[PDB]
>>> print(open('structure-v3.json').read())   # JSON, C-alpha atoms and all ligand atoms
[["chain", "number", "residue", "atom", "x", "y", "z"],
["A", 1, "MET", "CA", 119.72, 65.60, 56.42],
["A", 2, "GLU", "CA", 117.29, 64.60, 53.67],
["A", 3, "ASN", "CA", 117.38, 60.97, 54.83],
["A", 4, "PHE", "CA", 114.56, 61.71, 57.28],
["A", 5, "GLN", "CA", 111.11, 63.26, 57.54],
["A", 6, "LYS", "CA", 111.71, 64.88, 60.94],
["A", 7, "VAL", "CA", 108.58, 64.46, 63.02],
["A", 8, "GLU", "CA", 109.33, 67.14, 65.66],
["A", 9, "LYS", "CA", 111.95, 68.77, 67.86],
["A", 10, "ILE", "CA", 112.01, 66.66, 71.01],
["A", 11, "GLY", "CA", 114.00, 68.70, 73.51],
["A", 12, "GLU", "CA", 117.15, 70.63, 74.43],
["A", 13, "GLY", "CA", 120.09, 68.79, 75.95],
["A", 14, "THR", "CA", 123.31, 69.99, 77.59],
["A", 15, "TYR", "CA", 125.20, 68.78, 74.52],
["A", 16, "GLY", "CA", 122.57, 69.51, 71.88],
["A", 17, "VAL", "CA", 118.99, 69.42, 70.59],
["A", 18, "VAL", "CA", 117.20, 66.09, 70.14],
["A", 19, "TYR", "CA", 114.73, 65.30, 67.34],
["A", 20, "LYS", "CA", 112.26, 62.51, 66.56],
["A", 21, "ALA", "CA", 112.66, 61.46, 62.93],
["A", 22, "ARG", "CA", 111.63, 58.79, 60.44],
["A", 23, "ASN", "CA", 113.90, 57.27, 57.83],
["A", 24, "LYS", "CA", 112.27, 57.96, 54.45],
["A", 25, "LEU", "CA", 113.67, 54.69, 53.11],
["A", 26, "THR", "CA", 113.48, 52.24, 56.04],
["A", 27, "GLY", "CA", 110.64, 53.99, 57.83],
["A", 28, "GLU", "CA", 112.22, 53.43, 61.24],
["A", 29, "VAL", "CA", 111.50, 56.07, 63.88],
["A", 30, "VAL", "CA", 114.62, 57.24, 65.69],
["A", 31, "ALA", "CA", 115.89, 59.99, 67.95],
["A", 32, "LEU", "CA", 118.41, 62.31, 66.37],
["A", 33, "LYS", "CA", 120.71, 64.41, 68.53],
["A", 34, "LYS", "CA", 122.66, 67.27, 66.95],
["A", 35, "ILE", "CA", 125.97, 68.32, 68.56],
["A", 36, "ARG", "CA", 127.78, 71.65, 68.00],
["A", 41, "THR", "CA", 130.50, 74.06, 65.10],
["A", 42, "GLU", "CA", 134.02, 74.79, 63.84],
["A", 43, "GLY", "CA", 135.32, 71.23, 63.79],
["A", 44, "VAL", "CA", 134.85, 69.21, 66.99],
["A", 45, "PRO", "CA", 137.63, 66.97, 68.46],
["A", 46, "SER", "CA", 138.19, 64.05, 66.09],
["A", 47, "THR", "CA", 139.55, 62.07, 69.03],
["A", 48, "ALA", "CA", 136.03, 62.46, 70.39],
["A", 49, "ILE", "CA", 134.28, 61.03, 67.34],
["A", 50, "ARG", "CA", 136.45, 57.94, 67.81],
["A", 51, "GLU", "CA", 135.51, 57.67, 71.49],
["A", 52, "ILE", "CA", 131.83, 58.30, 70.79],
["A", 53, "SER", "CA", 131.88, 55.84, 67.90],
["A", 54, "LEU", "CA", 133.07, 53.23, 70.40],
["A", 55, "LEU", "CA", 129.79, 53.68, 72.27],
["A", 56, "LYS", "CA", 127.94, 52.09, 69.36],
["A", 57, "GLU", "CA", 129.24, 48.79, 70.74],
["A", 58, "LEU", "CA", 127.44, 49.17, 74.07],
["A", 59, "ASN", "CA", 124.44, 46.87, 74.21],
["A", 60, "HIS", "CA", 122.40, 46.65, 77.39],
["A", 61, "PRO", "CA", 118.65, 46.55, 78.07],
["A", 62, "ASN", "CA", 118.89, 49.69, 80.16],
["A", 63, "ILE", "CA", 121.02, 51.84, 77.89],
["A", 64, "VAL", "CA", 119.40, 53.56, 74.91],
["A", 65, "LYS", "CA", 121.04, 52.05, 71.82],
["A", 66, "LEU", "CA", 123.36, 54.37, 69.85],
["A", 67, "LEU", "CA", 122.70, 53.37, 66.23],
["A", 68, "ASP", "CA", 124.98, 55.70, 64.31],
["A", 69, "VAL", "CA", 127.43, 58.57, 64.70],
["A", 70, "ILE", "CA", 127.45, 60.91, 61.70],
["A", 71, "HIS", "CA", 129.97, 63.64, 60.98],
["A", 72, "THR", "CA", 128.88, 66.01, 58.21],
["A", 73, "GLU", "CA", 129.36, 69.69, 57.41],
["A", 74, "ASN", "CA", 131.36, 69.97, 60.64],
["A", 75, "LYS", "CA", 128.34, 68.83, 62.65],
["A", 76, "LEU", "CA", 127.99, 65.71, 64.77],
["A", 77, "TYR", "CA", 124.75, 63.74, 64.76],
["A", 78, "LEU", "CA", 123.99, 60.85, 67.06],
["A", 79, "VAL", "CA", 121.24, 58.45, 65.93],
["A", 80, "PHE", "CA", 119.53, 56.66, 68.83],
["A", 81, "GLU", "CA", 116.74, 54.12, 69.14],
["A", 82, "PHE", "CA", 113.60, 56.05, 70.10],
["A", 83, "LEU", "CA", 111.58, 55.84, 73.34],
["A", 84, "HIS", "CA", 108.30, 57.75, 73.75],
["A", 85, "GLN", "CA", 108.66, 59.49, 77.10],
["A", 86, "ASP", "CA", 111.36, 60.90, 79.39],
["A", 87, "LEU", "CA", 111.22, 60.57, 83.17],
["A", 88, "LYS", "CA", 110.78, 64.30, 83.76],
["A", 89, "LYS", "CA", 107.58, 64.32, 81.72],
["A", 90, "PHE", "CA", 106.41, 61.15, 83.48],
["A", 91, "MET", "CA", 107.07, 62.57, 86.94],
["A", 92, "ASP", "CA", 105.17, 65.74, 86.04],
["A", 93, "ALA", "CA", 102.30, 63.61, 84.76],
["A", 94, "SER", "CA", 102.39, 61.61, 88.00],
["A", 95, "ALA", "CA", 102.57, 64.63, 90.34],
["A", 96, "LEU", "CA", 99.00, 64.40, 91.69],
["A", 97, "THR", "CA", 99.17, 60.73, 92.60],
["A", 98, "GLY", "CA", 102.90, 60.06, 92.68],
["A", 99, "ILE", "CA", 104.68, 57.10, 91.06],
["A", 100, "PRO", "CA", 103.81, 53.84, 92.86],
["A", 101, "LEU", "CA", 106.70, 52.69, 95.06],
["A", 102, "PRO", "CA", 106.95, 49.37, 93.20],
["A", 103, "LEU", "CA", 107.51, 51.28, 89.93],
["A", 104, "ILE", "CA", 109.99, 53.67, 91.52],
["A", 105, "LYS", "CA", 111.81, 50.61, 92.85],
["A", 106, "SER", "CA", 111.78, 48.93, 89.45],
["A", 107, "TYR", "CA", 113.11, 52.02, 87.71],
["A", 108, "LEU", "CA", 115.91, 52.53, 90.26],
["A", 109, "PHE", "CA", 116.93, 48.85, 90.01],
["A", 110, "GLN", "CA", 117.07, 49.04, 86.19],
["A", 111, "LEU", "CA", 118.99, 52.34, 86.20],
["A", 112, "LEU", "CA", 121.58, 50.86, 88.59],
["A", 113, "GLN", "CA", 121.88, 47.85, 86.24],
["A", 114, "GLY", "CA", 122.50, 50.25, 83.39],
["A", 115, "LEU", "CA", 125.08, 52.23, 85.37],
["A", 116, "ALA", "CA", 126.77, 49.09, 86.65],
["A", 117, "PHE", "CA", 127.15, 48.00, 83.01],
["A", 118, "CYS", "CA", 128.54, 51.31, 81.77],
["A", 119, "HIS", "CA", 130.86, 51.71, 84.73],
["A", 120, "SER", "CA", 132.22, 48.16, 84.29],
["A", 121, "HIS", "CA", 133.09, 49.22, 80.74],
["A", 122, "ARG", "CA", 134.79, 52.40, 82.00],
["A", 123, "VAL", "CA", 132.03, 54.62, 80.59],
["A", 124, "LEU", "CA", 130.62, 57.46, 82.70],
["A", 125, "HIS", "CA", 127.56, 59.56, 82.10],
["A", 126, "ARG", "CA", 128.49, 62.72, 84.07],
["A", 127, "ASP", "CA", 125.26, 64.61, 83.22],
["A", 128, "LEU", "CA", 122.47, 62.34, 84.45],
["A", 129, "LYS", "CA", 119.05, 63.92, 84.91],
["A", 130, "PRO", "CA", 115.36, 63.03, 84.58],
["A", 131, "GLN", "CA", 115.38, 64.33, 81.01],
["A", 132, "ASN", "CA", 117.86, 61.76, 79.74],
["A", 133, "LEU", "CA", 116.17, 58.76, 81.34],
["A", 134, "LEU", "CA", 113.63, 57.26, 78.91],
["A", 135, "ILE", "CA", 110.70, 54.89, 79.49],
["A", 136, "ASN", "CA", 108.49, 52.70, 77.33],
["A", 137, "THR", "CA", 105.09, 51.02, 77.75],
["A", 138, "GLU", "CA", 106.64, 47.72, 78.87],
["A", 139, "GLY", "CA", 108.06, 49.04, 82.13],
["A", 140, "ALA", "CA", 111.64, 49.44, 80.96],
["A", 141, "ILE", "CA", 113.72, 52.54, 81.62],
["A", 142, "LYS", "CA", 117.00, 53.31, 79.86],
["A", 143, "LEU", "CA", 119.82, 55.85, 80.18],
["A", 144, "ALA", "CA", 120.65, 58.01, 77.17],
["A", 145, "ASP", "CA", 123.66, 60.22, 76.31],
["A", 146, "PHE", "CA", 126.51, 58.43, 78.04],
["A", 147, "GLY", "CA", 130.13, 59.52, 77.80],
["A", 148, "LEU", "CA", 129.75, 62.91, 76.11],
["A", 149, "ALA", "CA", 131.60, 64.88, 78.80],
["A", 150, "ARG", "CA", 134.53, 62.44, 78.81],
["A", 151, "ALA", "CA", 134.86, 62.59, 75.02],
["A", 152, "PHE", "CA", 134.04, 66.26, 74.41],
["A", 153, "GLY", "CA", 134.34, 67.93, 77.80],
["A", 154, "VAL", "CA", 131.54, 69.73, 79.63],
["A", 155, "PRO", "CA", 131.40, 73.20, 78.00],
["A", 156, "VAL", "CA", 129.66, 76.31, 79.36],
["A", 157, "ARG", "CA", 126.12, 75.69, 78.08],
["A", 158, "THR", "CA", 124.10, 73.62, 75.59],
["A", 159, "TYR", "CA", 124.90, 75.61, 72.44],
["A", 160, "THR", "CA", 122.73, 78.76, 72.53],
["A", 161, "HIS", "CA", 121.88, 80.63, 75.75],
["A", 162, "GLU", "CA", 120.47, 77.74, 77.79],
["A", 163, "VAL", "CA", 119.92, 77.22, 81.52],
["A", 164, "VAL", "CA", 121.91, 74.12, 82.51],
["A", 165, "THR", "CA", 120.49, 71.93, 85.29],
["A", 166, "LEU", "CA", 122.76, 71.93, 88.35],
["A", 167, "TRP", "CA", 120.33, 69.98, 90.53],
["A", 168, "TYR", "CA", 121.91, 66.56, 89.99],
["A", 169, "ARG", "CA", 125.60, 67.56, 90.15],
["A", 170, "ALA", "CA", 127.85, 65.78, 92.69],
["A", 171, "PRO", "CA", 129.55, 67.85, 95.37],
["A", 172, "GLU", "CA", 133.08, 67.03, 94.17],
["A", 173, "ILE", "CA", 132.20, 68.58, 90.79],
["A", 174, "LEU", "CA", 130.80, 71.74, 92.39],
["A", 175, "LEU", "CA", 133.96, 71.98, 94.54],
["A", 176, "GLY", "CA", 136.14, 72.04, 91.42],
["A", 177, "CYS", "CA", 137.56, 68.54, 91.28],
["A", 178, "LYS", "CA", 139.44, 68.03, 88.02],
["A", 179, "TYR", "CA", 139.06, 64.25, 87.96],
["A", 180, "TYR", "CA", 135.64, 62.65, 88.18],
["A", 181, "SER", "CA", 134.80, 59.07, 89.08],
["A", 182, "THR", "CA", 131.81, 56.83, 88.51],
["A", 183, "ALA", "CA", 130.57, 58.10, 91.88],
["A", 184, "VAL", "CA", 129.22, 61.25, 90.22],
["A", 185, "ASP", "CA", 126.55, 59.14, 88.47],
["A", 186, "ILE", "CA", 125.49, 57.43, 91.70],
["A", 187, "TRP", "CA", 125.01, 60.90, 93.24],
["A", 188, "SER", "CA", 122.83, 62.07, 90.34],
["A", 189, "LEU", "CA", 120.78, 58.88, 90.48],
["A", 190, "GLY", "CA", 120.37, 59.30, 94.23],
["A", 191, "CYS", "CA", 118.95, 62.78, 93.65],
["A", 192, "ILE", "CA", 116.54, 61.41, 91.00],
["A", 193, "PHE", "CA", 115.48, 58.60, 93.34],
["A", 194, "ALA", "CA", 114.61, 61.15, 96.03],
["A", 195, "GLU", "CA", 112.68, 63.22, 93.49],
["A", 196, "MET", "CA", 110.53, 60.27, 92.35],
["A", 197, "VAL", "CA", 109.64, 59.61, 95.98],
["A", 198, "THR", "CA", 108.85, 63.13, 97.19],
["A", 199, "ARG", "CA", 107.71, 64.50, 93.84],
["A", 200, "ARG", "CA", 109.99, 67.47, 94.32],
["A", 201, "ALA", "CA", 113.63, 68.04, 93.35],
["A", 202, "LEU", "CA", 115.93, 67.27, 96.28],
["A", 203, "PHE", "CA", 118.50, 70.05, 95.68],
["A", 204, "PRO", "CA", 116.99, 72.65, 93.32],
["A", 205, "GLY", "CA", 119.85, 75.16, 93.27],
["A", 206, "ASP", "CA", 119.59, 78.33, 91.20],
["A", 207, "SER", "CA", 123.36, 78.94, 91.07],
["A", 208, "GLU", "CA", 126.50, 76.91, 91.65],
["A", 209, "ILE", "CA", 126.92, 78.24, 95.18],
["A", 210, "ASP", "CA", 123.19, 77.91, 95.95],
["A", 211, "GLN", "CA", 123.40, 74.33, 94.68],
["A", 212, "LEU", "CA", 126.31, 73.60, 96.99],
["A", 213, "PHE", "CA", 124.72, 75.31, 99.99],
["A", 214, "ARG", "CA", 121.40, 73.52, 99.54],
["A", 215, "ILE", "CA", 123.34, 70.25, 99.74],
["A", 216, "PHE", "CA", 125.19, 71.49, 102.83],
["A", 217, "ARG", "CA", 121.99, 72.63, 104.53],
["A", 218, "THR", "CA", 120.60, 69.14, 104.12],
["A", 219, "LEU", "CA", 123.53, 66.76, 104.53],
["A", 220, "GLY", "CA", 125.59, 69.08, 106.70],
["A", 221, "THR", "CA", 128.63, 71.14, 105.68],
["A", 222, "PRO", "CA", 131.31, 68.55, 104.95],
["A", 223, "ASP", "CA", 134.55, 68.40, 106.91],
["A", 224, "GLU", "CA", 137.75, 66.34, 107.02],
["A", 225, "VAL", "CA", 136.11, 63.72, 109.27],
["A", 226, "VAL", "CA", 133.37, 62.73, 106.80],
["A", 227, "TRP", "CA", 135.31, 63.65, 103.66],
["A", 228, "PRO", "CA", 139.12, 63.48, 103.99],
["A", 229, "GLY", "CA", 140.68, 66.03, 101.66],
["A", 230, "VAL", "CA", 137.60, 68.19, 101.20],
["A", 231, "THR", "CA", 139.19, 71.33, 102.71],
["A", 232, "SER", "CA", 141.91, 71.08, 100.04],
["A", 233, "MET", "CA", 139.56, 71.02, 97.08],
["A", 234, "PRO", "CA", 139.97, 73.76, 94.45],
["A", 235, "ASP", "CA", 136.80, 75.69, 95.22],
["A", 236, "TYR", "CA", 136.57, 74.96, 98.92],
["A", 237, "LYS", "CA", 136.35, 78.14, 101.05],
["A", 238, "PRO", "CA", 137.00, 78.05, 104.80],
["A", 239, "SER", "CA", 134.31, 80.72, 104.91],
["A", 240, "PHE", "CA", 131.52, 78.26, 103.97],
["A", 241, "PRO", "CA", 128.80, 78.39, 106.66],
["A", 242, "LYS", "CA", 128.78, 75.29, 108.84],
["A", 243, "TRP", "CA", 125.31, 73.71, 108.76],
["A", 244, "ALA", "CA", 124.47, 70.61, 110.80],
["A", 245, "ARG", "CA", 123.13, 67.49, 109.09],
["A", 246, "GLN", "CA", 119.33, 66.96, 109.02],
["A", 247, "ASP", "CA", 117.65, 63.61, 109.75],
["A", 248, "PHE", "CA", 117.10, 61.63, 106.59],
["A", 249, "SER", "CA", 113.55, 60.84, 107.72],
["A", 250, "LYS", "CA", 112.87, 64.52, 107.07],
["A", 251, "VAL", "CA", 114.58, 64.33, 103.66],
["A", 252, "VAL", "CA", 112.50, 61.73, 101.79],
["A", 253, "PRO", "CA", 109.31, 61.07, 103.73],
["A", 254, "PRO", "CA", 107.55, 58.71, 103.63],
["A", 255, "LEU", "CA", 110.22, 56.33, 102.20],
["A", 256, "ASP", "CA", 110.88, 53.26, 104.41],
["A", 257, "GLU", "CA", 114.22, 52.58, 106.16],
["A", 258, "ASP", "CA", 115.61, 50.28, 103.43],
["A", 259, "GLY", "CA", 115.05, 53.04, 100.90],
["A", 260, "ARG", "CA", 116.43, 55.76, 103.19],
["A", 261, "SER", "CA", 119.44, 53.59, 103.97],
["A", 262, "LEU", "CA", 120.16, 53.03, 100.28],
["A", 263, "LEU", "CA", 119.74, 56.72, 99.46],
["A", 264, "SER", "CA", 122.09, 57.77, 102.26],
["A", 265, "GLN", "CA", 124.78, 55.49, 100.79],
["A", 266, "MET", "CA", 124.20, 57.00, 97.35],
["A", 267, "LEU", "CA", 124.61, 60.49, 98.84],
["A", 268, "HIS", "CA", 127.82, 60.07, 100.83],
["A", 269, "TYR", "CA", 130.06, 63.12, 100.46],
["A", 270, "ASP", "CA", 133.27, 61.15, 99.96],
["A", 271, "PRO", "CA", 133.22, 59.71, 96.40],
["A", 272, "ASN", "CA", 135.25, 56.86, 97.93],
["A", 273, "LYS", "CA", 132.55, 56.01, 100.44],
["A", 274, "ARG", "CA", 129.64, 56.52, 98.02],
["A", 275, "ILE", "CA", 128.09, 53.16, 97.10],
["A", 276, "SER", "CA", 128.80, 51.62, 93.70],
["A", 277, "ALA", "CA", 126.03, 50.67, 91.30],
["A", 278, "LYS", "CA", 126.92, 46.98, 91.67],
["A", 279, "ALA", "CA", 126.86, 47.10, 95.48],
["A", 280, "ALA", "CA", 123.60, 49.07, 95.44],
["A", 281, "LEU", "CA", 121.92, 46.30, 93.42],
["A", 282, "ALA", "CA", 122.56, 44.00, 96.39],
["A", 283, "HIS", "CA", 120.95, 46.36, 98.89],
["A", 284, "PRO", "CA", 117.99, 44.94, 100.88],
["A", 285, "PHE", "CA", 115.72, 47.59, 99.36],
["A", 286, "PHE", "CA", 115.62, 45.45, 96.20],
["A", 287, "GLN", "CA", 114.76, 42.16, 97.87],
["A", 288, "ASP", "CA", 111.14, 42.43, 96.67],
["A", 289, "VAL", "CA", 111.68, 44.28, 93.38],
["A", 290, "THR", "CA", 109.29, 43.52, 90.49],
["A", 291, "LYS", "CA", 108.65, 45.01, 87.05],
["A", 292, "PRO", "CA", 105.29, 46.87, 87.01],
["A", 293, "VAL", "CA", 103.91, 48.40, 83.83],
["A", 294, "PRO", "CA", 103.48, 52.19, 83.95],
["A", 295, "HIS", "CA", 100.34, 54.06, 82.96],
["A", 296, "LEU", "CA", 101.72, 56.04, 80.02],
["A", 297, "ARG", "CA", 99.67, 58.67, 78.21],
["A", 298, "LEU", "CA", 101.40, 59.11, 74.84],
["B", 301, "LIG", "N1", 113.03, 64.15, 75.65],
["B", 301, "LIG", "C1", 112.98, 63.04, 75.01],
["B", 301, "LIG", "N2", 111.76, 62.54, 74.77],
["B", 301, "LIG", "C2", 111.77, 61.38, 74.09],
["B", 301, "LIG", "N3", 110.65, 60.85, 73.84],
["B", 301, "LIG", "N4", 112.86, 60.73, 73.65],
["B", 301, "LIG", "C3", 114.04, 61.32, 73.95],
["B", 301, "LIG", "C4", 115.20, 60.68, 73.54],
["B", 301, "LIG", "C5", 116.49, 61.30, 73.75],
["B", 301, "LIG", "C6", 117.69, 60.64, 73.35],
["B", 301, "LIG", "CL1", 119.24, 61.38, 73.60],
["B", 301, "LIG", "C7", 117.63, 59.35, 72.75],
["B", 301, "LIG", "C8", 116.36, 58.72, 72.55],
["B", 301, "LIG", "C9", 115.16, 59.37, 72.93],
["B", 301, "LIG", "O1", 113.97, 58.75, 72.72],
["B", 301, "LIG", "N5", 114.16, 62.49, 74.63]]
>>> encode(input="structure-v3.json", output="structure tokens", more="lines below")
Ligand SMILES: Nc1nc(N)nc(-c2cc(Cl)ccc2O)n1
Amino acid sequence: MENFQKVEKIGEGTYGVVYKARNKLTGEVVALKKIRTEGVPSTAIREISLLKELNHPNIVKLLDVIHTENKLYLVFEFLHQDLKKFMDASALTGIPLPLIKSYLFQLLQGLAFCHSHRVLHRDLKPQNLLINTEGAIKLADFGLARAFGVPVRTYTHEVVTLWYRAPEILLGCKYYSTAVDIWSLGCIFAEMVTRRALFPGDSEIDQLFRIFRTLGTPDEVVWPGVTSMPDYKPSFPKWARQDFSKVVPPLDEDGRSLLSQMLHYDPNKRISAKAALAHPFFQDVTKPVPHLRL
């Protein structure tokens, strides 16, 4: 629109491109996300519009939802850096454990809030976690899959990230629960610690098998009902579980314990965001300021 002075294209999301823009009249700098374009479910605009009510320190504020020329634009408060960029910038030294701990605590607070309001993210990844100079971290792009439905790609020949997808999704479950966000966050937690993606699959089956090779091929003992899932194949190789100590070295036992609960196969056994906040790992949590190069 002509209401802005578009600073630059910010990035490509699963549901659309994001832009940094300034209001010509108010001068406020915001993030503008453009969704796909033959109509779009109107029941979805209602659901998305409801998200404007969400207010929490760890959720990026949704300022406006605009429907024009059959396009959907989401106007969000702007943050200067995403966690993927920050992790890449911190690859030589690594993110200090106290900062990793602070970020995980805040993200769980954000998820606990959304989940208590029956809002799921469903596509959590480093790219949609944003940080500022004051040590805060916030989740952006909640509830798009629930309102619109996860399509095939972003909008134009894009390589979707499968790395943070929960096993029940990869196995074809039709109904998702808030547990899918805890899984994604667990994967991100591991990544901040080791400075390498935990399950970097290059295909849906490679994604699934990388999880199996690490946590062990699931069975009815650890995950009742798994052999009945839509995409389950009795022909899946049976890999034995690896020690966690090999998974995220050199994370201490409190951290490893918490991560293992975030990565349980059974969505029912997987820890909730609220319960995770009470885990001993957070007994000494603080709020460090990051070294951000903007
Ligand atoms: N990649 C990237 N980088 C920056 N600096 N900001 C964003 C961003 C994305 C959304 Cl959806 C909402 C607000 C934002 O600030 N995304």
>>> atom_distance(input="structure-v3.json", atom1="CA of residue 298 (chain A)", atom2="CA of residue 84 (chain A)")
7.1 Å
>>> atom_distance(input="structure-v3.json", atom1="CA of residue 233 (chain A)", atom2="CA of residue 158 (chain A)")
26.6 Å
>>> atom_distance(input="structure-v3.json", atom1="CA of residue 91 (chain A)", atom2="CA of residue 277 (chain A)")
22.8 Å
>>> residues_near_point(input="structure-v3.json", point="(119.8, 42.7, 79.0)", cutoff="12 Å", atoms="only C-alpha atoms", output="list in words")
residues 58, 59, 60, 61, 62, 63, 64, 65, 110, 113, 114, 117, 140, 141 and 142 of chain A
>>> residues_near_ligand(input="structure-v3.json", ligand="ligand LIG 301 (chain B)", cutoff="6 Å", atoms="only C-alpha atoms and all ligand atoms", output="ChimeraX atom specification")
/A:10-11,31,80-86,131,144-145
>>> closest_residue(input="structure-v3.json", among="A:203, A:198, A:273, A:285", to="residue 95 (chain A)", atoms="all atoms listed in the file")
A:198
>>> closest_residue(input="structure-v3.json", among="A:57, A:73, A:210, A:12", to="residue 240 (chain A)", atoms="all atoms listed in the file")
A:210
>>> residues_around(input="structure-v3.json", residues="residue 190 (chain A)", least_positions_apart="4", cutoff="9 Å", atoms="only C-alpha atoms", output="count of residues only")
11
>>> closest_residue(input="structure-v3.json", among="A:68, A:2, A:270, A:8", to="residue 224 (chain A)", atoms="all atoms listed in the file")
A:270
>>> residues_around(input="structure-v3.json", residues="residue 123 (chain A)", least_positions_apart="4", cutoff="8 Å", atoms="all atoms listed in the file", output="ChimeraX atom specification")
/A:118-119,146-147
>>> closest_residue(input="structure-v3.json", among="A:103, A:124, A:225, A:134", to="residue 88 (chain A)", atoms="only C-alpha atoms")
A:134
>>> closest_residue(input="structure-v3.json", among="A:54, A:209, A:30, A:116", to="residue 176 (chain A)", atoms="all atoms listed in the file")
A:209
>>> residues_around(input="structure-v3.json", residues="residue 107 (chain A)", least_positions_apart="6", cutoff="12 Å", atoms="only C-alpha atoms", output="PyMOL selection string")
chain A and resi 62+87+99-101+113-114+130+133-136+138-143+189+192-193+196-197+281+286+289-294
>>> closest_residue(input="structure-v3.json", among="A:207, A:228, A:45, A:173", to="residue 272 (chain A)", atoms="all atoms listed in the file")
A:228
>>> axis_aligned_box(input="structure-v3.json", around="region 140-143 of chain A", padding_each_side="8 Å", output="lines of an AutoDock Vina configuration file")
center_x = 115.7
center_y = 52.6
center_z = 80.7
size_x = 24.2
size_y = 22.4
size_z = 17.8
>>> closest_atom_pairs(input="structure-v3.json", of="region 13-113 of chain A", to="region 251-261 of chain A", cutoff="12 Å", atoms="all atoms listed in the file", output="JSON lines")
{"residue": "A:98", "atom": "CA", "partner": "A:254", "partner_atom": "CA", "distance": 12.0}
{"residue": "A:100", "atom": "CA", "partner": "A:255", "partner_atom": "CA", "distance": 11.6}
{"residue": "A:101", "atom": "CA", "partner": "A:255", "partner_atom": "CA", "distance": 8.8}
{"residue": "A:102", "atom": "CA", "partner": "A:259", "partner_atom": "CA", "distance": 11.8}
{"residue": "A:104", "atom": "CA", "partner": "A:259", "partner_atom": "CA", "distance": 10.7}
{"residue": "A:105", "atom": "CA", "partner": "A:259", "partner_atom": "CA", "distance": 9.0}
{"residue": "A:108", "atom": "CA", "partner": "A:259", "partner_atom": "CA", "distance": 10.7}
{"residue": "A:109", "atom": "CA", "partner": "A:259", "partner_atom": "CA", "distance": 11.8}
>>> residues_near_point(input="structure-v3.json", point="(122.7, 73.0, 89.2)", cutoff="10 Å", atoms="only C-alpha atoms", output="NGL selection string")
:A and (163-170 or 174 or 203-212)
>>> residues_around(input="structure-v3.json", residues="residue 226 (chain A)", least_positions_apart="6", cutoff="12 Å", atoms="all atoms listed in the file", output="VMD selection string")
chain A and resid 219 to 220 245 268 to 274
>>> residues_around(input="structure-v3.json", residues="residue 48 (chain A)", least_positions_apart="5", cutoff="12 Å", atoms="all atoms listed in the file", output="VMD selection string")
chain A and resid 35 43 53 to 55 69 71 76 147 to 153
>>> build_atoms(input="structure-v3.json", residues="region 33-46 of chain A", atoms="N, CA, C and O atoms", output="PDB file, in the frame of the given file")
ATOM      1  N   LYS A  33     120.135  63.344  67.730  1.00  0.00           N
ATOM      2  CA  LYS A  33     120.710  64.410  68.530  1.00  0.00           C
ATOM      3  C   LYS A  33     121.780  65.131  67.718  1.00  0.00           C
ATOM      4  O   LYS A  33     122.660  64.496  67.131  1.00  0.00           O
ATOM      5  N   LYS A  34     121.697  66.457  67.692  1.00  0.00           N
ATOM      6  CA  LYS A  34     122.660  67.270  66.950  1.00  0.00           C
ATOM      7  C   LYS A  34     123.634  67.973  67.901  1.00  0.00           C
ATOM      8  O   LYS A  34     123.217  68.751  68.762  1.00  0.00           O
ATOM      9  N   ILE A  35     124.927  67.698  67.733  1.00  0.00           N
ATOM     10  CA  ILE A  35     125.970  68.320  68.560  1.00  0.00           C
ATOM     11  C   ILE A  35     126.489  69.582  67.849  1.00  0.00           C
ATOM     12  O   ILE A  35     126.225  69.792  66.661  1.00  0.00           O
ATOM     13  N   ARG A  36     127.230  70.416  68.575  1.00  0.00           N
ATOM     14  CA  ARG A  36     127.780  71.650  68.000  1.00  0.00           C
ATOM     15  C   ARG A  36     128.776  71.362  66.873  1.00  0.00           C
ATOM     16  O   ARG A  36     129.996  71.390  67.072  1.00  0.00           O
ATOM     17  N   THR A  41     130.433  75.051  66.170  1.00  0.00           N
ATOM     18  CA  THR A  41     130.500  74.060  65.100  1.00  0.00           C
ATOM     19  C   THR A  41     131.636  74.402  64.134  1.00  0.00           C
ATOM     20  O   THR A  41     131.412  74.603  62.938  1.00  0.00           O
ATOM     21  N   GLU A  42     132.857  74.464  64.658  1.00  0.00           N
ATOM     22  CA  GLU A  42     134.020  74.790  63.840  1.00  0.00           C
ATOM     23  C   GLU A  42     134.965  73.606  63.644  1.00  0.00           C
ATOM     24  O   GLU A  42     136.109  73.779  63.217  1.00  0.00           O
ATOM     25  N   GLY A  43     134.488  72.402  63.953  1.00  0.00           N
ATOM     26  CA  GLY A  43     135.320  71.230  63.790  1.00  0.00           C
ATOM     27  C   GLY A  43     134.981  70.055  64.689  1.00  0.00           C
ATOM     28  O   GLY A  43     134.590  68.989  64.205  1.00  0.00           O
ATOM     29  N   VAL A  44     135.131  70.251  65.999  1.00  0.00           N
ATOM     30  CA  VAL A  44     134.850  69.210  66.990  1.00  0.00           C
ATOM     31  C   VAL A  44     136.016  68.213  67.058  1.00  0.00           C
ATOM     32  O   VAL A  44     136.473  67.716  66.028  1.00  0.00           O
ATOM     33  N   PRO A  45     136.512  67.913  68.274  1.00  0.00           N
ATOM     34  CA  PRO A  45     137.630  66.970  68.460  1.00  0.00           C
ATOM     35  C   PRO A  45     137.413  65.623  67.778  1.00  0.00           C
ATOM     36  O   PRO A  45     136.485  64.886  68.112  1.00  0.00           O
ATOM     37  N   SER A  46     138.280  65.308  66.819  1.00  0.00           N
ATOM     38  CA  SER A  46     138.190  64.050  66.090  1.00  0.00           C
ATOM     39  C   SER A  46     138.485  62.862  67.002  1.00  0.00           C
ATOM     40  O   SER A  46     138.060  61.733  66.737  1.00  0.00           O
TER      41      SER A  46
END
